[PDB]
Each structure stands twice: as C-alpha cells, then as structure tokens.
Amino acid sequence: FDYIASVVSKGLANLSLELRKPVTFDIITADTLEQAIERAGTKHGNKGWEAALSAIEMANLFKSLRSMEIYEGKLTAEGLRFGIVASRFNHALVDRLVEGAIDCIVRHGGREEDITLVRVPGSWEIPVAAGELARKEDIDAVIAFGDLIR
Amino acid sequence: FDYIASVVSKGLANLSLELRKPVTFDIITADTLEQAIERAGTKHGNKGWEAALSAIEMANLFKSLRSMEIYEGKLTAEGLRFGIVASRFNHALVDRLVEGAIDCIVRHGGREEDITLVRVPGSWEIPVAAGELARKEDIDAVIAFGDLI
Amino acid sequence: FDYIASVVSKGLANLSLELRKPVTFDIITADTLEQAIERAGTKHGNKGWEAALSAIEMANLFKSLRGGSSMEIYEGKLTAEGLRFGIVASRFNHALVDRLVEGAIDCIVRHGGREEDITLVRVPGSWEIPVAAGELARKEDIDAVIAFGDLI
Amino acid sequence: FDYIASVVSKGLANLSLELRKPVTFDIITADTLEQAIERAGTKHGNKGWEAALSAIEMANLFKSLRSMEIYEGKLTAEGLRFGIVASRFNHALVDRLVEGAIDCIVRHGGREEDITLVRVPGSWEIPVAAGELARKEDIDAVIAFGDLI
Amino acid sequence: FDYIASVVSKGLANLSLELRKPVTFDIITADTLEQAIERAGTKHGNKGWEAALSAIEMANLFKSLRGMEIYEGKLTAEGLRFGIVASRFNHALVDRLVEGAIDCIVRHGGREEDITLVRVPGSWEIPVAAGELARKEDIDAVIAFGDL
Amino acid sequence: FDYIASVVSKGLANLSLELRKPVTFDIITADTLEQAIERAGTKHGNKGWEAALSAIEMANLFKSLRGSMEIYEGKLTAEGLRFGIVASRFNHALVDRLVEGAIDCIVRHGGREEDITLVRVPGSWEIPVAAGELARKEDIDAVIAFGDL
Amino acid sequence: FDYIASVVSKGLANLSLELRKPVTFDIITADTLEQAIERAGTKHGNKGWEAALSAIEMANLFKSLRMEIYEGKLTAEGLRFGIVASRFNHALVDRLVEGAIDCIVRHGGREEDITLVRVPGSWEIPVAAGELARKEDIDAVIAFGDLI
Amino acid sequence: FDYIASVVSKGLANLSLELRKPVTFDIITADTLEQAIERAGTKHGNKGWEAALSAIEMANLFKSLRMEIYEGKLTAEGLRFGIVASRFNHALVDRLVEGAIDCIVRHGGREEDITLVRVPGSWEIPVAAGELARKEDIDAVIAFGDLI
Amino acid sequence: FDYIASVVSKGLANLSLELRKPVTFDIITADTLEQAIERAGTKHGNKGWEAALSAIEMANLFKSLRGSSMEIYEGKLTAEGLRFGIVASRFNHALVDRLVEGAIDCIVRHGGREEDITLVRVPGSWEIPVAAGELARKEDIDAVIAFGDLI
Amino acid sequence: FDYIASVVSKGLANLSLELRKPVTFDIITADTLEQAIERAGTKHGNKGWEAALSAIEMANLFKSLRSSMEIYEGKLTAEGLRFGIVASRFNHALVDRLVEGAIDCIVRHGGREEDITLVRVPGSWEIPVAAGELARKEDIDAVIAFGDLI
C-alpha cells in the first residue's frame, strides 16, 4: 500500500539525474501524529531545516564543481537562489516545514527575494512543478515538501 | 500488488515528466467495488470532479508560470483545454466519473467544445492514448480515468 | 513467476510507450494448470480473442487520431479490413497458448483481417516475448502487436 | 402458465418465417429484476449487444443466402440497415439493452442514420411494430427487446 | 417453459409441410449436460447419424414419391445433396453431431462436396436459415441440429 | 409434456383443413404397452380398423358434400373408394397390426386392395409430410395415419 | 427536526397563493434513500410524471377561469411550464426531470415551451420558483427537491 | 404529510382572512385509516354536512354583517356556494360532497347555484378555493379532503 | 424545535422571497464542538465554503435570468466581478471564524475581491436576519451569505 | 407547544424585520420555575442587562448602517441613544428586576433616563403590539422587550 510516495521519489530522482541540478526530498519518519507532534515541538529538528541545509550544500558543491582532490560543499547561502514546492495537503505541517526552510536559508545568508514558493494541490503533482523550477536557469536548487507517508 | 495499476501510474507519471504538461490520474483500485458503486452517486464523491478541479488548477498555474514570490493558481477555467482519457472497463463507474469531470469543467468555466475524449478498452492501454493526447499543442491539461475492481 | 511477469509487463509497456504502437498482453491472474484448462473452454471468446479485439480497436483509434459538434469524441472501430498485426506466442504451456492463438486468429478473420496479413512468431518462454514483440513493432508494415504469456 | 411471452415469441417467429428476413428477439432470462440490473451493469457484452451481433451476422449471411463447402456469417456491419423494437415497460433495462445494441452496431460498422427505433407501450405490441419494420424494403434485420422477468 | 424448443420444432414442421421437402431435426432436452455429453460419446451413434440416415431415407422415398403398392424409403446416398444447419452455441456437441452426420453421408454414398454447412448464432435463429437452405432447388433434404 | 404427438396432430389437422380432404389420425397415450398389445391382439379393437371405418365414412360423406330438416350423412360403402395409408416403422409390432386391421376393414367393406396406397416413414415425426404428399394426389380420397405414444 | 421540508413547502404555497398560478412541489424526503432508489425504477412515472400531470391539469383548469362541474383536461398542447430542479441528490433529480419532461412531451407540451432552472440546494428552490412564476409566459410551475 | 396537512389549513385560513369570505374546511388527522373507512356514511351526519351547514350560517351572518346581537340562521334560500373536492380518497370525498349537497338542498339552496371543482389533491385545493372565492357571485366556499 | 433557529430561518427565507435576492443560510446540529472541529480540520473545507459556492452560483443564475429548443439557465462558479455580504454571529466564534475564513477563501480563490467582500458581526443568531436585510437593501450587494451557530 | 412564547417571538421578529429597527427579547424560566425564581439576578445574571447591551450595540451599528475589506463593528456607547422598553405585569417580581437591570445597563453605558420610554402591558401576549407602537416612533432607536412565562 505505497504508490504515491514511491512514484514521487522516483520522479524527483529521475528529474535530478536528467537536469543535473540538486533536488532535495524529505519523507515523513515512521508516524503521522507522533511525527507531527515532534516536528511542532522542535524547531531545528524538523526535516525542512535539514533539507534546506542539504540544498545549500549541494548548490555550493555544484558551483565549485563547475595529496588528492577534495570536493566539499560550503554552507554559504550568499547569492544563492532556491525553489520550494509545497504540497497543500497536511498544510498544518507543510507550512511549518516551509517556515523552517525559509528561516534556515535567511539565517545562512539567502535573501527572501531569491526564494520562489510554489504550492501544488497534492503530493502527486510535486514532480512536474519541481521540473519547471529546475528548468528555470536562475534557480540553483529545488526543495520539495510532501507528507504522504506513514 | 497490481501490475496493471503500477504500470498505469508509472507510465502516466513518466509521460507527465517527459512532456512537462499537467497530467492527472486517480487510483481507486484499492477501494472495494461496492464502495465505488456507492461513491458513484453523491454531491462531491466524483473522482472525475476532483481530477478536473486539479487539472484546471495545474493548467492555470502553468500558464501563470510560463517577500518570497508565491504562485498558487486560480480556479478559472475560461479558455482552458483538456484531454480526457476513459477506460471502457467498469464503464458503469468510469462514465459517471467522466460526466462528473465534464460537469466540473463546464461549471468552472470550460467550454464543452474544447474537451477531447478518448476511449480505450483498458487501463493497460490508457497511458499511450494519454500520451498521444498530451502531445497535442492545443491541449492544456490531461486527465485519465481508469478503475480496476 | 512474479519477477518474470513484472519484467515482461514493464518491458512491453516501455516498448509500447517508446514506439507509440499499441501492444496487448493478457494473462490469467495467478492461474493454475487445472484452472487454466477449465477457463480455456468458452463460447464468447478467449483471452487471445479479447486481446485481438483490443488491438483492432486501438489500431483504428490511432489511425483516426493521426489521420460531434457539441463535444469531440474519438473512438476506435472494430473493423479489421486492411489491418496488419503481429503475434508473439510462447511455447511454455503450449496446450493453452495454441488455444489463445487460435482464438486471436479467429477473431481477426471474423472481424475482417487477412490471414496473409496475420504474422506469427514463436518464442521459447515468456521471458523472450518482449524482445520479439519490439522487433515486430519496429516493422513499418505492422499496425499492432499482440503477445500471449503464461503465469503460474 | 405464461401467455404474453409465448404469444410474442410465436408471432415474431411466424413473421420472420413469412417475411424471410432475420428477426432476433431477446427476453429477460433472469427471474429477478435485480439480476437483470446486474446483467445490464455487466461488461460491454449485454443482451442487447448479443442480439445486435446476431442480427449483424444473420444479415451478412443473408446478403449471399437470400471437403464440404461451409457457410458462416461475418461480423462486418458496413452498409447494413437495422430496425429496433423496444417496449416501454421496464424502461430502466430496455434503455440499457437499446444502448448496448446501438453501441455494438456502431462499433461493428453500422451508421446511426441507418438505425430505426420504435417504442411500443408493452411487450404485447412488439409483433405488430416488428412486422411493420420488417415489411420495409430498406431494412435488413429486426431486433426486438421484450421483458419477461 | 421450453418456448425456444417448441418454437423451433413448430417452425421446422411448418416449413417442411409448406415446401414439401424432407426436413429432419434433432434435439436433446430430457438429459442434463453431462448425460447429453455421455450419450454423444456413446459408441452406438450420435443423433446426427440417425438424422442423416432419416434424411437419406426420406430423400430416396421422395425421389419416386414426387415424380396393393407399397412405397418405402431407400438407403442409397449416391446423388444426394444435404443442407445441414448447426448452432455455434455449445459447439462441444453440435460439432460431434455434424461430424456424425457427415460420416453417415460419406459412408452411405453421399459425395463430400454435395454437403452444405450453415452455422447460426442460436437455435432461435435455426429455423429461418433452415427454410432458406430448403428453398434451394438443388437440395434433397435439410438436417437441423438444436441444443436445449 | 410431449412434442412429437402435438406436432403431428397440429400438422395433420392443418393439412386436412388446407386441402379440404378427410385426414384421420389415430394416436393413443392413455394405453400402456400391455394395453396396446391387447388392442393389437383384439381384432375388433384395432385402432387401425376404427380409423379405416372413419375414413370410409368421411369419404362417403364428402362424395355428397362436395357435389323438414335435411341432414347430410355418410355411408360405409367402401366400393369405388381409394385411400392412402401412412405407417411408421417405429413400434412396427403394433403398426403392422393396425395396418392389417385397416386393410381388412376396407376390403370387407368393399374397397379393393389394388386401390390402397401404403407409404412407410421411419418415425412418427415425418408422418405429416408424407400424409400431405398422399393427400395432394387427385385419386386419393382420404388419408389414414396411425401413431403410438 | 424538520426545517427545510417545512420552509420550502410553506414558501412555495405562499408564492402560489400570492401569484394565483399553479405550483406543484415534490415532498418525499420523509422516506428512505432505498425507497427513493426503488421509485427510480418503476412504471412510466413515479414523482415527476405525476407532478407534471397535475400541473397540466391545473393549467387547463385555470385556462377557463383566468349545476356546473369543472374538471381539468389532460391535453398539454399550448401550455408553458417552469421546471425547478435541485443539484443535490442529482442521481434522483435527473430521473424526476426526465419523467416530467417525458410526461409533458407525450401529453402535448413543446420542448421549446419547457423551461428548466437548476439550484444548488432545496433551500433556494422557492426564490427561483417565484422568479419563474413571475414571468407572464409561464402557465404552471413544477419543482422537485429531495433532502437526504 | 404533516407539513402538507398544516399548509392546506394555513393557506385556507389566510385566504379567508384576505378575501373576507367564509371558508369552511373539515378534516380529521388524529385518527386511523380503519376508523376513516368505518365512518363512511354515518347516520348522525357526514363531515361535509356540518361544513355546509357552517357555510350557510356564515353566509347568512355576513348578509347582515356587510346592545347589538348578531346570530346566524339556517335558511339557505338565495345562497350560492363554491365546493372544492380532492380526487384522492374519492370513496369518501364523494360521500362528503353528497352530504354537503343534500344539506344545502334540504336547507333551501338550489343545485344550479352550486359550483363544484375537483383538483388532484390537498396541495392543489387551496389555490382553487381562493380562485372560487374571488368570484363575486360566490357567498361561501366549502372544501374537504382526506390526507392521512 | 429551537425557536431561535426556526425564526432565523423563516425570516431569512421571507427576506429572500420579498427582495428576490439570493440569501444562503447554513446550520448543522451535531456534537457541540467536536464535529465542528473535525469539519474545520477536513481538507475539503467548512460549511461556509459550500455556502459561498452556492451564493456565487445563485448570484450568477440571477444575473443571467435578469439579463436546443429547450432553454436551460445555469450559473457558473466564477466569482469575478461579484460582491457579497457576509453575516457572522459572535456566539460560538471559535467556529464562526472558521466558517468565515472558509467562505472568504472560497470567494477569493474562485475570483472574488477583498474590497467586494463585506463582513458584519452581530451579537447572536437572533440578530442575523435584520442585519442581512440591511445588507441586502444595498444596490451594490449581489448576494447575502449568513452564518449561524447551532449546537 | 408554548403558544404564547411562540406568538411573541414571531410577532417581535416580524415587526423588527418590517420596521428595520433593532428589537431584542428575553424570556425567564428557560429551565424551570424553581430555576427562574432562584435566578433573580444573583450576580450579573440579569437578562435585561444583556438585552439592553445588545440593543445598544445594534443601535450603534445601525447609526453607521443608516482597509480594502470593510467590516462593520458595533459599539457599546449609549450616549445620544433612545430606547423603548416593554414589560409585562405578570411575574412582575422578576419583571421589575429585568427592567432595573436594563435601565442600569443603559445608564452606566451612557444613556439618560429621560431618553428611556417604559411601557407596561398586562402580559406577554400584549408585548408585540406595544413593541411595534414604540418602534413606529421616529425618536426611538431600538426596542427591548422582557417577557416572562410561568
């Protein structure tokens, strides 16, 4: 009994591979009500903050990409542009994840004007809007927020 | 699991990603056949109505796309074009879903003359017709209706 | 069995999507030998008969698409005159594959298909079906592809 | 015990034999109207669909009829004209039978412009309308639907 | 409630009386499906064999009847043309009946090419096709198979 | 409850009405095998004898029918009469007795044996066609048929 | 606990009395949905047919006014009606509308004369019915609304 | 049908108040159908008889209405009445009509001065009653119907 | 029954039948607050959402009426170019506010404007009909949606 | 049942709707006679007080009735307001308490006793007509009626 989440994950991974641009997708962890309570009772412990950190690191890593050779990803968010896709369902947690990601980007140095927020009706339509945001040149990386796991 | 349903979902998702055009599909194979029969008639249980609303919203959002800037989309269906794919199997429910979708489009503003309907014998044959419909330039969104059991 | 069926179905679907040419694949759900033998006896038609009918309908639907004032509705006719089909048959469970092939051929002839247009390909097992189906579909003079598989 | 069904069947058979034109009549085999509703709700093939297919086959056979050599009827409906007789009683099922027959004819090649439909108030009035339709020169076959339950 | 069988029998009898041509008809109703299959599988002979023999006898009788003295039907199938009507429905026994009739004809002397076969969707549609087959001038007899 | 007897009776009655010629058919269903054997053994109880007597009376009546209160009556003079006897090979052990009884009745009532035409059919089912063939001859005044059930 | 089934009926009756024009209303919400489903498949008509017949009779009666015995003829030729349907329970509302339309057409009404108005719920039936009845070219009003 | 039963009475009362004309309506709802069937032609008097008597009294009173003491007489001479009947439960509606007509005739009313209008049901009774009451040559209106 | 609810419904219906302007009223009687909280949590929306949709459809239908062979009048769900008046009763505000939010979101998503939307708050359900009549007697207002409180 | 209360409520509502002037009505004994006699204004339980406050709010709202989104909010200022008070002689032991509560509310919210009009009717049945007579006056902004059943 798991179709939507698997399809969304496969589509996001395929889009990331095709467009060679970072797309970060976070899945809900092991529960719905308990997970909601924990993510509402912690700020930095939400998956959105970690996803934003990963997106910033990946954008820096790609910017650097374009004894031995070491390719490490910086966390400097200055000059970066991001695109966020948010599922409208389970908005009581999607909004919290969006606010955590935005707060992380702002505190790490990303301007709010560089953040583009798109709200899709459900998790089913996340990949196509993520593809549009990724196919935009200015948008360095994409963060996806969907909650359809248990 | 259901190989046919998995194939339908995977093919529709891949076609949507490849053609970057809004494609919507509703899966109700998990629900009981009797439950689907009961759901066929009510005020808003029409999965066709829900899918048509989602397709209209996605078409408007894509037309718009083509503090933080926020894009959500509007439910105005005026001037929009849709392609509907229907599975003839379990027609007693598929036709009801298609009628609900058509009613949703018409009452949200879409013209019935701008709706194209393609009938295929089964869900196993839905995806290729859906892709052929999505390939057309004059189609703004695609909605597919196939139910098993 | 599960892996073989999943691989065959996925490959046939991918080939159909890639080549934009209709294909049909029919198997009885988790059938056994005795149950399949019992299901073989029928009067309306077999799984091969239904697959042939679906292939004809899809071929006409495609010809209409790529060839009502109130609302534009497109469907496929069941006429089989002038149509050419490819057929793939596995040798495993031949006692049922032959019945399916006979039903499909009878359906095609009855609806108007020509035996000369009918083309048949034999494969050892269901695993080798997708590649032969793709080879038949890649031919220009083939309008639809039908394949018969065995599931246990 | 029954009289209406017997009289209708006998009259239709006598008319077919007299006029040398194919007439196929279908009644409700199921004893329960709920089972009749289920049979209407079944897949594409229904009683009306089967009756239309039989009428098409008989018309094709009569196009030529009207190591042994074998004659069989084809299923091509191109150029064929049919008459349909339907009773108004149990319309909730008669309409389904008519829809199935029309769909079968159209998808086998018949034109809706060549289909003539006559509705009689009851099954008792089927024979007269069927004979009137069959006496027309431009009618190849007659399909009658009656209710037995 | 055997309306189908009654209608078929009455129509075939009426057509035979009207056209003055030998018509034979065979049905199996008193036995169930398994009993009918067993009786068809019996080595004594299918009902098609008996129907073909009766048709041969009637045709040979009519050869002299249409063109104390006693007239009886002969069993010479040489120079006899037979029209056989069969139903696609339940083709597990109708085909056996057809093969038994064909074997009877071919072993009593009937040329294989003379036999004509017409297959109809149903027993309800049998009578009209049988009458149409009978109307032909070059038909000695008409055999019909019904399943019910 | 029966097919052959009803069909034969109806066909013979229709033929008699159509050809306005006396056609008499004798069939018994109440009598069992033992009763039929007893009737065959008894000369005066021969159903064939009774049928021959009825045919002679009908022919004599029709001789004047076709050519105070006035009453038309039929005689039993078999002189100058011709009859056609149809016999079924099934249950020949009794059919032969009936034929012998009818022949004896005709001969002893005045009919010449040379004027009697006998036609043998295999079963009771195909009696009516042979009966009609005999009745369509001008010389045959009446038709006598026997059957067993 | 009856609110809609009383308010709608009272409003329709008051509007009919005020406008002096026949208004008929369908009130069957006191029974079960199984009963409604059974009524869906019945004889020529169950609710809409009867309502249309009553409206036709009332219009024919009023055509005269607007030991004497007055009764309404059932001839619908030359009559105009306003049909009010609720989208709620459309599975039954469509059947009622079909029955009413068939009754009017087969009794003599013209499809051009027939006018149809749809309202989202039974709550808005009275106001639309009054708006339709205020038209001069409307001879009778029929309304069907079912509440689950 | 409680809503319809209340609506009929409310509409009749409102029409009587508006038109200032006597309207007499008789119905029993706190009983059973067996009792209604049993009370078919009671010797003491039908309900329509009482309704007609009340209508006659009201007409006589209003003839003068159109210490002062006003009392109504039972003389029906020179009076005109409008009777409304329902086609449902006609087996009792006809009895009520006969009782009312007998009361009017035996109190002095002429059969020529009585106008009778029949409507399909109680839902259609009040509008016809109001239309009849609108006539100038009608002194009183009598309506009776059975609805549960 | 409940006198307050019955009187409010009758008054609103009489006002609608007198002014021939759409007035939509929604009341639900269930468990005191649990059912309303669950309805607010439901993704579909609240009763106010459906009431606003009905009001928009009725307004479009009335506009069409005022201006095959059969003539069919239907109202679209587009809220563009339409102005409505919303009445809210302060009692059970924890649910009245949710209903108002749902109605506002429905109107704006379907095409309404914040300037078009007008909100009037009253001390209770009993006072709704007069406020709704005063809202309806404005020429600019096209329809009236009234939200009550029923336990 | 409750013919008197139903008639009073219907008449007051119809008169208020017809005359487009605020009308408030309050009834004792919502539970029982014992509850009514024990709820004789224990502490801020005066129904007349609440009715007068509602009337003041409605009068202030109608004073205006007569950002981008415009919202109408009531006021609790009784200054310059004129009211019509209707009371019944039956159960006057509680009628006087209700009248005193309403008058106290008006005075302490800003109303003057000279602007208050008091009407006494024999019972609740005569309340609607007196309330309508008070409302038909031009110099009356709101009508407050106290009805009591026992």
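Residues numbered from 1 in each chain as written, not as in the entry; some residues may be left out. Chains lettered and ligands numbered in written order. Part of a larger assembly, values for the part shown. Heavy atoms only, no water. Residues with missing side-chain atoms left out of burial classes, pairs and counts.

What the entry reports as its method is cryo-EM, with 4.5 Å given for the resolution.

Stated formally: UniProt positions are given in the numbering used here, feature names are shortened, and annotations may be inferred rather than shown by experiment.
The UniProt entry for chain I carries the following comment under Catalytic activity: "(2S)-2-hydroxy-3-oxobutyl phosphate + 5-amino-6-(D-ribitylamino)uracil = 6,7-dimethyl-8-(1-D-ribityl)lumazine + phosphate + 2 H2O + H(+)". Here chain I is described in UniProt, under the heading Pathway, as follows: "Cofactor biosynthesis; riboflavin biosynthesis; riboflavin from 2-hydroxy-3-oxobutyl phosphate and 5-amino-6-(D-ribitylamino)uracil: step 1/2."

The Subunit comment attached to chain F in UniProt states, word for word, "Forms an icosahedral capsid composed of 60 subunits, arranged as a dodecamer of pentamers." Taken from UniProt, the Sequence similarities comment for chain F reads in full: "Belongs to the DMRL synthase family."

**Brief notes about the overall build of chain I**
Counted only if it meets this: By the criteria applied, helices consist of DSSP H or I runs no shorter than four residues and strands consist of E runs no shorter than two, each listed in order from the N terminus.
When helices and strands are counted, chain I shows five helices and five strands. Counted from the first residue to the last, chain I has its helices and strands arranged as α-β-α-α-β-β-α-β-α-β. A principal-axis box enclosing the C-alpha atoms of chain I has dimensions of 50 × 35 × 35 Å.

**Section: the overall build of chain F**
Rules: We compute the radius of gyration over the C-alpha atoms and compare it with the globule rule, which gives 2.2 Å times the number of residues raised to the power 0.38.
In terms of regular secondary structure, chain F is built from five helices and four strands. Listing each helix as α and each strand as β along chain F from the N terminus yields α-β-α-α-β-α-β-α-β. A globule of 149 residues ought to have a C-alpha radius of gyration of about 15 Å, and chain F, at 15 Å, matches this closely. The principal-axis extent of the C-alpha atoms belonging to chain F is close to 45 × 35 × 30 Å.

**Things to note about the interface of chain I and chain G**
Heads up, the condition is: Any two residues whose heavy atoms approach within 4.5 Å at even a single point are treated as in contact. When residue character is reported, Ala, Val, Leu, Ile, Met, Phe, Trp, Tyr, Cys and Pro are called nonpolar, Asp, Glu, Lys and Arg charged, and the others, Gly included, polar. Strands pair, by our definition, only if DSSP identifies at least two bridges between them.
In this complex, chain I contributes 25 residues to the contact, which on the side of chain G involves 22 residues. Counting only elements with at least two residues in the side of chain I that touches chain G, the list comes to α1 (3-19), β1 (23-26), α3 (47-66) and β2 (71-73) of chain I. Per element, the largest residue contribution to the side of chain I that touches chain G is seven residues, and it comes from α1 of chain I. In the side of chain I that touches chain G, the residues fall into 12 nonpolar, seven polar and six charged. Examined bridge by bridge, strand β4 (residues 115-119) of chain G and β2 of chain I share three bridges and lie parallel to one another.

**A word on the nonpolar core**
Threshold: Only buried residues count toward a nonpolar core. Its members are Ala, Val, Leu, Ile, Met, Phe, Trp, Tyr and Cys residues joined through side-chain atoms within 4.5 Å. Whether a residue is buried, partly exposed or exposed follows from its accessible area with a 1.4 Å probe, protein chains only, as a fraction of its type maximum: under 20%, in between, or over 50%, in that order.
Counting 40 residues, the largest nonpolar core has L12 and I125 of chain G together with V84, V119 and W123 of chain H as its most contacted members. Beyond its immediate sequence surroundings of up to four residues, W123 of chain H is in contact with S9, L12, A13, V23, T24 and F25 of chain G together with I4, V7 and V8 of chain H. Within the second largest apolar cluster, 25 residues are counted, among which are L12, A13, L19 and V144 of chain I.

**Description of the side chain of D139 of chain H**
All names here are of chain H. Tracing the chain through its elements places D139 in the loop between α5 (125-134) and β4 (140-144). Among the residues examined, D139 registers a relative accessible area of 14% and is labelled buried. When neighbours within four sequence positions are excluded, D139 is seen to be in contact with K21, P22, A59, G78, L79 and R80.

**Points about the packing of aromatic side chains**
Test applied: Classification of ring pairs uses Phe, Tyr and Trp, with its six-membered ring standing for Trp, and accepts pairs whose centres are within 6.5 Å; under 30 degrees between planes counts as stacked, over 60 as edge-to-face, and the remaining range as tilted. Two limits define a charge over a ring: the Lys NZ or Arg CZ must be within 6 Å of the ring centre, and within 35 degrees of the ring normal.
Under the criterion given, the structure shown has three aromatic pairs over all chains. Ring centres 6.4 Å apart and planes at 50° place the aromatic pair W124 of chain A and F25 of chain B in the tilted group. Within this pair, whereas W124 of chain A is found in the loop between β3 (115-120) and α5 (126-135), its partner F25 of chain B is found in strand β1 (residues 23-26), the two belonging to separate chains. No difference in accessibility class separates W124 of chain A from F25 of chain B, as the two residues are buried. Note on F25 of chain G and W123 of chain H: the rings are 6.4 Å apart at their centroids and 45° apart in plane angle, and the pair reads as tilted. Residue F25 of chain G is located in strand β1 (residues 23-26), and its partner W123 of chain H is located in the loop between β3 (114-119) and α5; the two belong to separate chains. Since its relative accessible area comes to 13%, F25 of chain G is described here as buried. Taking relative accessible area as the criterion, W123 of chain H reaches 16% and is therefore assigned buried. Seen from the ring of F89 of chain A, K43 of chain I lies directly overhead, with NZ or CZ sitting 3.6 Å from the centre.

**Thoughts on the sheet that holds strand β1 (residues 23-27) of chain J**
Residues and elements named next belong to chain J. Heads up, the rule is: Helix axes are fitted only over the stretch in contact, all axes being lines through C-alpha atoms; the angle between N-to-C directions runs from 0 to 180 degrees.
Strands sit in the order β1-β5-β3-β4 across an open sheet of four strands; the sheet is parallel. If you trace the sheet from one side to the other, it starts and ends with β1 and β4 (116-121), each paired once. Adjacent strand axes in the sheet meet at a mean angle of 15°, parallel and antiparallel pairs treated alike. Sheet topology note: the strand β3 (residues 83-88)/β4 ladder contains six bridges and is parallel. Within the sheet, the bridge partner assigned to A87 lies in β4 and is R120.

**Thoughts on the pattern of salt bridges**
Basically, it comes down to this: Any carboxyl oxygen of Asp or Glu that lies within 4 Å of a side-chain nitrogen of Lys or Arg is treated as forming a salt bridge with it.
Scanning the model with the defined rule gives 65 salt bridges over all chains in all. For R88 of chain B, the salt bridge identified is with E57 of chain C, shortest N-O distance 3.3 Å. Of this pair, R88 of chain B sits in the loop between β3 (82-87) and α4 (91-108) while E57 of chain C sits in helix α3 (residues 47-66), each in a different chain. The same class applies to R88 of chain B and to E57 of chain C, which are both buried. With a closest N to O distance of 3.9 Å, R90 of chain I and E57 of chain J form a salt bridge. Pair noted here: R90 of chain I is in the loop between β3 (84-89) and α4 (93-110) and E57 of chain J is in helix α3 (residues 47-65), and the two residues belong to different chains. The exposure class assigned to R90 of chain I is partly exposed, which follows from its relative accessible area of 32%. Here the salt bridges share partners, and the residues they tie into one network are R88 and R119 of chain A, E57 and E72 of chain B together with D105 and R109 of chain I.

**Things to note about empty space enclosed by the protein**
Residues and elements named next belong to chain F. In plain terms, the rule: Detection works on a 1 Å grid of protein atoms alone, calling trapped sets that fit a 1.4 Å probe cavities and calling open sets with protein on both sides within 12 Å along at least five of seven lines pockets, with lining residues defined by an atom within 4 Å of a point. Grid points are joined across faces, edges and corners, and a volume is the space filled by probe spheres set on the points.
Approximately 170 Å³ is the volume attributed to the largest cavity. Taken together, 14 residues form the lining of the largest cavity, with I28, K47, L94, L98 and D148 sitting closest to its centre. Residue composition of the lining of the largest cavity, grouped by class: six nonpolar, three polar and five charged.

**A closer look at the packing of α1 of chain I against helix α1 (residues 3-19) of chain J**
Rules: Throughout, a crossing is termed right-handed when the near helix is turned clockwise from the far one, and left-handed when it is turned anticlockwise from it by less than a right angle.
Contact pair α1 of chain I / α1 of chain J: the axes reach a minimum separation of 11 Å and the direction vectors enclose 35°. Every pair of crossing elements has a handedness; the one defined by α1 of chain I and α1 of chain J is right-handed. Together, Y3, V7, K10, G11 and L15 of chain I of α1 of chain I and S6, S9, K10, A13 and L17 of chain J of α1 of chain J make up the contact between the two elements. Looking at the contact of α1 of chain I with α1 of chain J residue by residue, the classes come out as five nonpolar, three polar and two charged.

**Quick notes on a positive patch on the surface**
Inclusion rule: Patch definition: residues above 30% relative accessible area lacking any salt bridge, with like charges linked at up to 9 Å and the nonpolar side chains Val, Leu, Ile, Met, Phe, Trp and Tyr linked at up to 5 Å. In this description, accessible areas are obtained by the Shrake-Rupley approach with a 1.4 Å probe, and a residue is regarded as covered only by the protein chains that are shown. Charge assignment: positive for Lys and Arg, negative for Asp and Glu; neither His nor the chain ends contribute. In plain terms, the charge of a residue is placed at NZ if it is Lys, CZ if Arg, CG if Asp and CD if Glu.
On the surface, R135 of chain B together with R20, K63 and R66 of chain C cluster together into a positively charged patch. As for its placement among the helices and strands, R20 of chain C is situated in the loop between α1 (2-19) and β1 (23-26). For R20 of chain C, a relative accessible area of 46% corresponds to the partly exposed category.

**Concerning a negative patch on the surface**
Taken together, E112, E136 and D137 of chain G together with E71 of chain I make up a surface patch of like negative charges. Mapped onto the elements of the fold, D137 of chain G is located in the loop between α5 (125-133) and β5 (140-144).

**Considerations on the environment of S67 of chain B**
Relative to the helices and strands, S67 of chain B resides in the loop between α3 (47-65) and β2 (69-71). Its relative accessible area of 74% is what places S67 of chain B among the exposed residues.

**Digging into unusual backbone geometry**
Residues other than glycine seldom take positive phi values, yet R20 of chain C does so here, at roughly 40°. Non-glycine residue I149 of chain D carries a positive phi angle of around 55°.

**A look at the sheet that holds β1 of chain C**
Residues and elements named next belong to chain C. Ordered by their spatial adjacency, four strands build an open sheet running β1-β5-β3-β4, and the pairing between neighbours is parallel. Edge positions in the sheet fall to β1 and β4 (118-123), since each of these pairs with one other strand and no more. Ignoring which end each strand starts from, the neighbouring axes of this sheet average 20° apart. Relative to β4, strand β3 (residues 85-90) runs parallel, the two sharing six bridges. Bridged to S90 within β4 is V123.

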